[PDB]
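> Structure in structure tokens, see below.
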Amino acid sequence: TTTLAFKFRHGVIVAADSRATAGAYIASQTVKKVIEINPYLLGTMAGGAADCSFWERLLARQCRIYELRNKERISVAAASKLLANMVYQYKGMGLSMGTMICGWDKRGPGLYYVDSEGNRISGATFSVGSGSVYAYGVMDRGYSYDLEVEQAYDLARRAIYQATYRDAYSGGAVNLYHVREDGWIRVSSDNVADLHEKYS
Amino acid sequence: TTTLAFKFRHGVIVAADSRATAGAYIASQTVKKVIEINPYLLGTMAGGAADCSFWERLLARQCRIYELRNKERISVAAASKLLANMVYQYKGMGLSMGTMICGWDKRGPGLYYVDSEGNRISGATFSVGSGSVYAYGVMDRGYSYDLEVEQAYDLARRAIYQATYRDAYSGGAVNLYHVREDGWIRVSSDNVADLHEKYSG
Amino acid sequence: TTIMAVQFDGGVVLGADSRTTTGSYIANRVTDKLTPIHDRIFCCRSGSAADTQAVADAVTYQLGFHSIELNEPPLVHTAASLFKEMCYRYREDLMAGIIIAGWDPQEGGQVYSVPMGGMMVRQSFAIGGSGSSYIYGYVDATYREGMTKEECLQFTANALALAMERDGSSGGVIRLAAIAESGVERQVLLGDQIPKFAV
Amino acid sequence: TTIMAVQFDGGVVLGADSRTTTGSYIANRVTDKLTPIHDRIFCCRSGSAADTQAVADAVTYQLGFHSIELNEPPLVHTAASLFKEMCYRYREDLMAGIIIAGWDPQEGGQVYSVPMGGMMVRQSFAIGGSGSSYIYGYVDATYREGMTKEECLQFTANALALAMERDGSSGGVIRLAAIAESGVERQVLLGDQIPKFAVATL
Amino acid sequence: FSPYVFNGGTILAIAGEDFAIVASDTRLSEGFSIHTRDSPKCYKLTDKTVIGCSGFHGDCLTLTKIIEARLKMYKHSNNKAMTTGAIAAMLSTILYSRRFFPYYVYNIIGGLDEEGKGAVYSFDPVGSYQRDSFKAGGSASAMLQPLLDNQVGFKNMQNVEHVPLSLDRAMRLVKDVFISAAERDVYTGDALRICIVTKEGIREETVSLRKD
Amino acid sequence: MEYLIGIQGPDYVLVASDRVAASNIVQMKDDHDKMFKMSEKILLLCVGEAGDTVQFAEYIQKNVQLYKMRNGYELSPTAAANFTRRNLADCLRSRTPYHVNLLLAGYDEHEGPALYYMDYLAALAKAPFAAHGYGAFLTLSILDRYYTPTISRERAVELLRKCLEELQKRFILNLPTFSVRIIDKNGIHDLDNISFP
Amino acid sequence: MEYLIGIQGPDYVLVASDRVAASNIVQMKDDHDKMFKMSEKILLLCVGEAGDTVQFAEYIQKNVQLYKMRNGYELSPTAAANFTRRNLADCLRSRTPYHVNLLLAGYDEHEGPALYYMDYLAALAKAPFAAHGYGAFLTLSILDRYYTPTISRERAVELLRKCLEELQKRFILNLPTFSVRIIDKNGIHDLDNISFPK
Amino acid sequence: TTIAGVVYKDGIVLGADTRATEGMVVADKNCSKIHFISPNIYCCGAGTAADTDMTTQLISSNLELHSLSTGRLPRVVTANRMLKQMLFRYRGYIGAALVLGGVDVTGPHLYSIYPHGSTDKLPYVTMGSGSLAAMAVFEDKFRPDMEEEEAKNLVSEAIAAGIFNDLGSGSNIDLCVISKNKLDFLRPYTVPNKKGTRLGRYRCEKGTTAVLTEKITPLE
Amino acid sequence: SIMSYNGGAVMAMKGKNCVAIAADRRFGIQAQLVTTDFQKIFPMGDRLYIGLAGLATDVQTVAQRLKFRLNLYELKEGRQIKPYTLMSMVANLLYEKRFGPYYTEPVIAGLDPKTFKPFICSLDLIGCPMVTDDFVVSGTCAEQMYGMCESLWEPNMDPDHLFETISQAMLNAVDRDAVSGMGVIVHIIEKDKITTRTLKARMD
Amino acid sequence: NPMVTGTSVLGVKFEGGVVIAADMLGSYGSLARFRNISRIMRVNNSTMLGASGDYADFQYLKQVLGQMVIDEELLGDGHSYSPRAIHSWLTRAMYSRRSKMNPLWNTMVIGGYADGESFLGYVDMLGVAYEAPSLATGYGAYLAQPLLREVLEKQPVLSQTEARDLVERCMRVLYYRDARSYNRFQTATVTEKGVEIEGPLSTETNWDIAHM
């Protein structure tokens, strides 16, 4: 798995791969790793899929309950706080989870990283999975805050491609999302074999 | 245990403590950890005393045979290489060793560090034992190639005392040595119960 | 430990040894392994003494409580079933062998052989303990239908003597009991009275 | 396994069963556990079969080679001591539990035991195997000094049978061999020839 | 002790424009022996949805009973039958319920979409599902999945036409694939059962294989 | 890894820590903050395991702020420290034990400044200076060499810089920038972070 | 762990390594050197356990110099690499196994430059660029992104520095100082160390 | 995996299966098991499938040497002794279960050997995973002093009952008969099961696989 | 395990008068690519080839020793070697190190230089050759190969159809294993010419 | 842990009714301790049961089932329990007690004669259940089932005498080749006339191969 996310002037961008393995046998190659929690939030899958789906569904339900009760969209900080305080009651059982919560609240964009151990932290560039190490190198050398939209897309795509080239437990297709002040949008879903020729 | 060593303009300085335990019981408090291999070289004890003594007495034997055969005194690098190669045969059997070879040759002063694993490296500042981390910090603030002998003596004393004040397996007396171009000499065997008064203690 | 029980026309006979070990050191050598449960119902203890004593005390309590309400003497199958339940519920007892002998007015002399675990069986003769293995064949060669009291007694004595000479965890005196309608007859064999063989 | 050996005035008698086992499955139900070593000396195997076969073969070779020189019938103590040494020098690699029996012109019939350790004892009768524990009390209450041949034969047969009912690792056919001065006589018992004891029923 | 077993029993499923197919072997094994040769692993829930399971048998049986008990509950409390997506979403939760003492079954569901199309759902013993077009879970997954992706996805084939699938073609393909995957796997054989879901209803077939 | 240090003066207190987070090969962040403000003149520096630090610190913070808004005044540091110690030793012998170390630098109007110490076993010592982490080995001695009870402010800052240089010279882990704060009779003050290019 | 990196080009070779020797909490030395010169146009870079490295390297250097002194010419990098692999695989199944990782940059007048790669199991691949250590995770992708076969000499150093700063941002270990060397048709050269202040 | 051997009036009959599995995936469907030891001796062998081949080759070589030196037909006792000793010398680290059998100047002879050095001289024996059902068939339908065309049917049935009932064995059936004037080696004797017919094709066209490079080398 | 520390896969098929042998191309350490031009197929004389899969060290060592022996063989007696003798040689070489063996699984494919008919063999860790008439495989992704080949391989095939089917099988197989792939190579042997080809695959 | 046990059990289904057979031995390891115990029960006028494994748990189940039958037969509602219901109840009990790590070491065989058709079941300790025309447990799964299958393939309908003969034939091979066995067994039949169990029997043997 390789999932990355970063924020800049015109909001946040998320990217992920589409492979799943069971040992050394490729089960499927068309997985959805960018979860659509709500029309204003987004998630991410890494580790166990059942967990990273169940708990995020519960989170979405709680967000909707809050919106109904208080008549105001919830914030990213409180959402990540909820998600962290939910799985902390299952410390030392076998749960594996690594997640990114992204959004835009009254004080601007927001990106938080969460995991099953308990460390919840903000930031501006994040990447997790078995191929995060290869993607950090490409994301750093190329990152900038005063960037355009037509370029961050290519940046994330190239990072994911170069991560799949070396890592064996990651490959398949590349999914990319972009969040804005209004809501998020699905911009593209490419294939690695169709990108290899685009480059050399 | 606690040993330190550092070289500068006026030669090399060596120092150690005088304690020996077996678990939590202090067996000895008058040990001599600066092995006098010869009137030209020096050693240091850390880890297992039996090994650090046997494998350096053998080294003395070999250096003497070398001097007899070749009519030329041996160097420091050759000594360290001999010791390392003779000790590498016993890798993974239970040997514990940490030592410093100090001396003077045609290439100037000389300080080398050796252990049983196999690593052999030169340097300009070394400390070994369960209290070397407390000594590094104070030797690093005060070290300078352009030092005077008295200030270097005081620095070594101070480092050893401060290391002793924190490490439980380190203490007793402070025996300071000094090596020059025409051999070495013993300097002092101060007691910690008396330095605590001279210093701010 | 060597326990044994045989059944004859009217009633039954029980026999046991008199040793208790704590490794290779004999902590007792006059022990009593024939525990009464009622007037004419007896149990034989094998295994850990703690568990056996506890279970036997509880069973005596239950029986005596349930024999004053009905105002009728109890049976042997009832006691055997109480033991079976109590030993199947807590299979961590390691109480192990109990052999249960008695006399009821409906049937006659009855013998039950509740082993390790919670199973129950009725047999004409039963044996148990570590030293029983060495006396199987002998019994299989000597049992015959139509025995009397003296014959059962001497047969039990001979079998026990033979088991005690070969096993190290059994020895001492031989305690015997004979049960029937008229009453209970207890006795012991020690020294020259014990049947001796040649070597 | 269950092997038994008895001694009378002018010779000896042997007895064994006919089962082999590798767990709860029977690989053979006729195996022969009486292995001759010389013209008038036998053996009785127990435990592992490979080790017993090897030891017996080597002893037979050594004893034949030692007898062809002296020009004299060997003795039983000789073979027993050879077995003793062979099983004591490898007591950490073997499981044999062997018995020896035979005849010789100096002393009459002789019996010896050799358990896994490497000992050597002679005795008026001997038994071995897993199913022996179940008969340690029957041979004691029936033995008597002054026994003839047929008496020993039927005694061994009965003991074997009684051991082959309660043990699961033994059973089948009962093989017997009688040794004396004139010569050897073998015999096999099966079916209605084996004894039977009525089962107890309430 | 060990509270699990291995019985085998590969499963296969396929979806089409207006039909769905679910195929299974027919045999039960334990170690190196054979218990029986008539034990299908395909079951019918409603008039437009079937399901197959493989792995530990007791769990399969009790899970089928559970699903059948809950469909009626839904029908009673809402006065309407349950769809396919709903059954998948319920199965995810039923499975995740035992996250620390899981089942050991690899489920697959086939049926008709809401309007008229064909739908397939592949699951895992923990409850992670995703909609797919063709799946061959089970013991012989590695033997069939690499094949269904060439003759049905047309991978690594250049200058090839799409020529969408049909009914008889898919049936014959399934037959040939299972006839070939019996001479190499030892847990699979002795018969083959097919259940087909169409606009009309649910139909069944039966074929015979070699007896080892 | 981790590093906390505290120094006490005659009329002030000076605390410092590192600001770094990592997952076994990589540092995710470089602007962390290991400090917590329990009140106007109390500071808790916690460190240790992953998800226990924030839980414990926020529990303590909530309870202290509640005491304040309930009674009418604040809580003295010598009291907050014992409260922390009691709660931690209690939760140590339960199903959810916390594995953390902490300092509780503070200031008071009656007794003056204060500096404390804990070792994840609920010890609660007290010293004129203290430190945590592996780095404590290479910077404690220095204090004992150059520290005086009547140490002024800038001299304490210089001693701190000295210890940090020693860390960056002999320590293997990077730890390039630190966060430092001071406490005085008027309150809390934040100083320019000690950074090394 | 340590760090070695190697790059090949059209008519040269570039190599770089770290200068740090530490014992489990403290860096005892900051002027180390992990390069062993086997010939006039051959280098060896060894990494791993404590004493096996030096022993193995000295053995190979002795035998190569012996070949040179005995025959009259030198060994080409291919022969030296296969010799190293053979000896290492032979010692793997013996009473004295060596745990080391290696690079064998070299140059020859017949077949041109060469940059090899060897694990502690004696596999002997061949690659245009390569790296060792944990830092190779945050470094290889950058090379894949920016490397091109007809690269120049100074652009190699630029890219090296590029992939070195990434280590002083994510890598937990300090690694402040590095050594760098180059090989071409004239022989080994030594360039300024790539140091970063602190 | 389903060996079997039997003795009859005037010789010996011997049979086995023809399948091999590397784990749980059928690697072969026609493998030979009845090996030749001497012109009148044949040895069928289960086990680790290499320890049993090397042993057989070695014993055959040594027996050929003995025959050439002596000047007459070998025997079975010699092979039994050789195998016994060579297997006992290794303390069981050689998995070489066999059902060696043959005929010599004396009557027929049938032995069974185990990896430790134990042997038997039974009249009918089995071996391998699937030996129990075959032994059951034997115990039920065996008689003494039988003829050829009865023993052949017996062995065939005994093998089929182990084929259709064990997951580790199934294929064509072999056979071998040894008398004083005959050495029938029937391979195959019968085929119980076969592959099913295909109901379609896959369109193996030409020119539908991409390529990046090509090379040609002409020969003479 | 230790065999799966590197990855790889090879296969062999028969034809009318021709034969084919294919292998993958990749070298990595348990999750990480290092290079893409690794060699697993080696010539053992004109019209005879052998492929290996497993621990790289051992394939290299086995190939070197095998050439060391084969050259001397051909030099003493002047004639090219036949496949059966090569199979037996390799089996002996493997069984020599029964304790402390080589972790490899060879596959041999070639012709007979007297009557140009095919031959293929598949050994194992130690031995037990499998002389078949349809096909053989060796590697970590063996189930995929056994499932793709069985469906294909009509009993008689010409060079073109043979190349096609073996290529399709190998491609659709290694695309289901993670520790093997990143390229493919194929060799076809006939009476008077040899063909070598590479394929267009997914480098992911 | 199991202490006293029993060996295999057989099962065959003929034209009208069903037959079962089982030995009499409560072995304790390698010792034949008890030799006149029955391992078969009569549940109803149309159902029976045989068990193999620990004897105490078999007794427990006997008690439970007897009390359940007595409880259902008191109402007098014209209803009754059928063999399939017994089968399913046993399956559920074993699965339940296994899911709590306190199982029952036992494998059971059920047989009965419903309205016009016979029934023959199987239950393991983990809950694995199924049906089949004839089956056996324990070591008998290797020595007995082959013969039964080879005879049912050529004619899958048999008369009562032709089934009893085959049973008496297969209970003779286990004595020859099973160690934990004895030469005493019971044979029971279920038909329309009800259940009927016979006395202890014996198997003629031949040892002619001992003289060669």
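Within each chain, counting starts at residue 1; across the structure tokens, chains are named A, B, ... in the order shown, with ligands numbered 1 upward in that order.
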Run DSSP on the backbone and tell me which residues of range 39-188 of chain C come out as alpha helix (DSSP H); list them as JSON, numbers by chain.
{"C": [49, 50, 51, 52, 53, 54, 55, 56, 57, 58, 59, 60, 61, 62, 63, 64, 65, 66, 76, 77, 78, 79, 80, 81, 82, 83, 84, 85, 86, 87, 88, 89, 136, 137, 138, 139, 140, 141, 142, 149, 150, 151, 152, 153, 154, 155, 156, 157, 158, 159, 160, 161, 162, 163, 164, 165, 166]}
> Go through chain A residue by residue and, counting only C-alpha atoms, keep those with an atom at most 7 Å from chain I; for each kept residue give the shortest atom pair and its distance in Å to one decimal, ordered by chain and increasing number, as a Markdown table.

| residue | atom | partner | partner_atom | distance |
| --- | --- | --- | --- | --- |
| A:24 | CA | I:178 | CA | 5.6 |
| A:25 | CA | I:177 | CA | 5.3 |
| A:26 | CA | I:176 | CA | 5.1 |
| A:164 | CA | I:204 | CA | 5.7 |
| A:165 | CA | I:204 | CA | 4.9 |
| A:166 | CA | I:33 | CA | 5.2 |
| A:167 | CA | I:32 | CA | 5.6 |
| A:168 | CA | I:178 | CA | 5.5 |
| A:169 | CA | I:178 | CA | 6.4 |
| A:171 | CA | I:204 | CA | 5.8 |
| A:193 | CA | I:202 | CA | 6.1 |
> When DSSP is applied to the backbone of this structure, which of range 33-138 of chain C are assigned strand (DSSP E)? Write them out as a PyMOL selection string.
chain C and resi 34-38+41-45+98-103+109-112+125-129
> Any chance you can output those residues with N, CA, C and O atoms as a compact mmCIF listing (two decimals), in the first residue's frame?

# COMPACT_ATOMS: atom_id res chain seq x y z
N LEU C 34 -10.76 -47.03 53.56
CA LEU C 34 -12.13 -47.52 53.44
C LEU C 34 -13.03 -46.55 54.20
O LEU C 34 -13.14 -46.62 55.43
N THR C 35 -13.67 -45.66 53.47
CA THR C 35 -14.45 -44.60 54.09
C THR C 35 -15.93 -44.98 54.10
O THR C 35 -16.48 -45.35 53.06
N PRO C 36 -16.60 -44.91 55.25
CA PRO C 36 -18.05 -45.15 55.27
C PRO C 36 -18.83 -43.95 54.76
O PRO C 36 -18.51 -42.80 55.05
N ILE C 37 -19.89 -44.24 54.01
CA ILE C 37 -20.84 -43.24 53.56
C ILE C 37 -22.16 -43.36 54.29
O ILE C 37 -22.83 -42.36 54.56
N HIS C 38 -22.56 -44.59 54.61
CA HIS C 38 -23.77 -44.85 55.37
C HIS C 38 -23.52 -46.11 56.20
O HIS C 38 -22.38 -46.55 56.37
N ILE C 41 -22.65 -48.89 53.26
CA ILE C 41 -22.16 -48.39 51.98
C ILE C 41 -20.76 -47.84 52.20
O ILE C 41 -20.56 -46.98 53.06
N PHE C 42 -19.80 -48.32 51.42
CA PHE C 42 -18.40 -48.00 51.63
C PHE C 42 -17.75 -47.56 50.33
O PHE C 42 -18.12 -48.01 49.24
N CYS C 43 -16.75 -46.69 50.47
CA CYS C 43 -15.99 -46.16 49.36
C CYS C 43 -14.51 -46.44 49.57
O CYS C 43 -14.03 -46.50 50.71
N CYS C 44 -13.79 -46.60 48.47
CA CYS C 44 -12.35 -46.82 48.50
C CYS C 44 -11.66 -45.66 47.81
O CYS C 44 -11.98 -45.33 46.66
N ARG C 45 -10.71 -45.04 48.50
CA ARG C 45 -10.05 -43.84 48.02
C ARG C 45 -8.74 -44.20 47.32
O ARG C 45 -7.91 -44.93 47.87
N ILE C 98 -12.70 -44.12 42.55
CA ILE C 98 -13.44 -44.51 43.69
C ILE C 98 -14.04 -45.84 43.29
O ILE C 98 -14.60 -45.94 42.22
N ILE C 99 -13.92 -46.86 44.12
CA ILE C 99 -14.72 -48.04 43.97
C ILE C 99 -15.71 -48.03 45.11
O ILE C 99 -15.34 -47.75 46.22
N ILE C 100 -16.96 -48.34 44.81
CA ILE C 100 -18.10 -48.15 45.69
C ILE C 100 -18.80 -49.48 45.87
O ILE C 100 -19.24 -50.09 44.89
N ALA C 101 -18.92 -49.93 47.11
CA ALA C 101 -19.51 -51.22 47.39
C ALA C 101 -20.60 -51.07 48.44
O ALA C 101 -20.54 -50.18 49.29
N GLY C 102 -21.59 -51.94 48.37
CA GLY C 102 -22.65 -51.88 49.36
C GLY C 102 -23.68 -52.96 49.20
O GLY C 102 -23.56 -53.86 48.36
N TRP C 103 -24.72 -52.85 50.02
CA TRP C 103 -25.83 -53.78 50.05
C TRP C 103 -27.13 -53.00 50.13
O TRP C 103 -27.29 -52.15 51.01
N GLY C 109 -25.54 -57.48 46.91
CA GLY C 109 -24.24 -56.84 47.00
C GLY C 109 -23.88 -56.22 45.67
O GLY C 109 -23.85 -56.91 44.64
N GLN C 110 -23.61 -54.92 45.67
CA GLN C 110 -23.36 -54.17 44.45
C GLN C 110 -21.99 -53.52 44.51
O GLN C 110 -21.54 -53.06 45.57
N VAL C 111 -21.34 -53.49 43.34
CA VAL C 111 -20.00 -52.94 43.16
C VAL C 111 -20.02 -52.03 41.95
O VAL C 111 -20.48 -52.43 40.87
N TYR C 112 -19.52 -50.81 42.11
CA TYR C 112 -19.41 -49.84 41.03
C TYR C 112 -17.99 -49.30 40.99
O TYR C 112 -17.33 -49.17 42.02
N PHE C 125 -16.24 -58.15 39.90
CA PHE C 125 -15.12 -57.77 40.75
C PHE C 125 -14.40 -56.60 40.11
O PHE C 125 -14.39 -56.46 38.88
N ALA C 126 -13.79 -55.77 40.95
CA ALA C 126 -13.10 -54.59 40.48
C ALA C 126 -11.80 -54.41 41.25
O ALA C 126 -11.67 -54.86 42.40
N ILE C 127 -10.84 -53.76 40.61
CA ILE C 127 -9.55 -53.45 41.22
C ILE C 127 -9.10 -52.09 40.72
O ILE C 127 -9.55 -51.59 39.69
N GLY C 128 -8.18 -51.49 41.47
CA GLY C 128 -7.74 -50.14 41.15
C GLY C 128 -6.46 -49.81 41.87
O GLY C 128 -6.04 -50.49 42.81
N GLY C 129 -5.84 -48.73 41.42
CA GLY C 129 -4.57 -48.27 41.94
C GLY C 129 -3.42 -48.55 41.00
O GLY C 129 -3.57 -49.15 39.93
> Could you give me, as a Markdown table, every chain H residue with an atom at most 12 Å from chain I, plus its closest atom pair and distance in Å to one decimal, counting only C-alpha atoms, rows ordered by chain then number?

| residue | atom | partner | partner_atom | distance |
| --- | --- | --- | --- | --- |
| H:18 | CA | I:130 | CA | 11.9 |
| H:19 | CA | I:130 | CA | 10.9 |
| H:20 | CA | I:130 | CA | 9.3 |
| H:21 | CA | I:130 | CA | 11.1 |
| H:22 | CA | I:124 | CA | 9.6 |
| H:23 | CA | I:143 | CA | 11.1 |
| H:24 | CA | I:143 | CA | 10.0 |
| H:25 | CA | I:143 | CA | 7.5 |
| H:26 | CA | I:146 | CA | 9.0 |
| H:27 | CA | I:130 | CA | 8.0 |
| H:28 | CA | I:130 | CA | 6.7 |
| H:29 | CA | I:132 | CA | 8.8 |
| H:30 | CA | I:132 | CA | 8.0 |
| H:31 | CA | I:130 | CA | 7.5 |
| H:32 | CA | I:130 | CA | 10.0 |
| H:33 | CA | I:128 | CA | 11.3 |
| H:46 | CA | I:128 | CA | 11.7 |
| H:47 | CA | I:128 | CA | 11.0 |
| H:48 | CA | I:128 | CA | 8.6 |
| H:49 | CA | I:128 | CA | 5.7 |
| H:50 | CA | I:128 | CA | 5.5 |
| H:51 | CA | I:95 | CA | 9.1 |
| H:52 | CA | I:128 | CA | 9.6 |
| H:53 | CA | I:128 | CA | 8.1 |
| H:54 | CA | I:95 | CA | 9.1 |
| H:55 | CA | I:95 | CA | 12.0 |
| H:93 | CA | I:99 | CA | 10.5 |
| H:94 | CA | I:98 | CA | 10.5 |
| H:195 | CA | I:150 | CA | 11.3 |
| H:197 | CA | I:151 | CA | 11.9 |
| H:198 | CA | I:151 | CA | 9.6 |
| H:199 | CA | I:151 | CA | 11.9 |
| H:200 | CA | I:151 | CA | 10.8 |
| H:201 | CA | I:152 | CA | 9.1 |
| H:202 | CA | I:152 | CA | 8.3 |
| H:203 | CA | I:152 | CA | 10.3 |
| H:204 | CA | I:161 | CA | 6.9 |
| H:205 | CA | I:161 | CA | 7.4 |
| H:206 | CA | I:161 | CA | 6.5 |
| H:207 | CA | I:164 | CA | 7.7 |
| H:208 | CA | I:164 | CA | 7.5 |
| H:209 | CA | I:164 | CA | 6.6 |
| H:210 | CA | I:200 | CA | 5.7 |
| H:211 | CA | I:199 | CA | 4.5 |
| H:212 | CA | I:199 | CA | 5.6 |
| H:213 | CA | I:198 | CA | 5.5 |
| H:214 | CA | I:197 | CA | 4.8 |
| H:215 | CA | I:196 | CA | 5.2 |
| H:216 | CA | I:195 | CA | 5.2 |
| H:217 | CA | I:194 | CA | 5.5 |
| H:218 | CA | I:193 | CA | 4.8 |
| H:219 | CA | I:192 | CA | 4.8 |
| H:220 | CA | I:192 | CA | 6.3 |
> Find the spatial neighbours of residue 114 in chain E, counting only C-alpha atoms, within a cut-off of 8 Å - ignore same-chain residues fewer than 3 positions away - and output them as a PyMOL selection string.
chain E and resi 83-84+117
> Those residues with N, CA and C atoms, as a JSON list (two decimals), in the first residue's frame please?

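again-v4.json, written as the output of this step:
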[["chain", "number", "residue", "atom", "x", "y", "z"],
["E", 83, "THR", "N", -32.65, -6.82, -1.05],
["E", 83, "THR", "CA", -31.93, -6.78, -2.31],
["E", 83, "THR", "C", -30.59, -7.48, -2.16],
["E", 84, "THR", "N", -29.70, -7.28, -3.13],
["E", 84, "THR", "CA", -28.37, -7.86, -3.08],
["E", 84, "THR", "C", -27.40, -6.97, -2.31],
["E", 117, "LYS", "N", -29.56, -5.95, -14.22],
["E", 117, "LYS", "CA", -28.20, -6.35, -14.55],
["E", 117, "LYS", "C", -27.74, -7.45, -13.61]]
> Just checking: using only C-alpha atoms, which residue out of E:98, E:44, E:193, E:169 ends up closest to chain J?
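Counting only C-alpha atoms, the residue closest to chain J is E:98.
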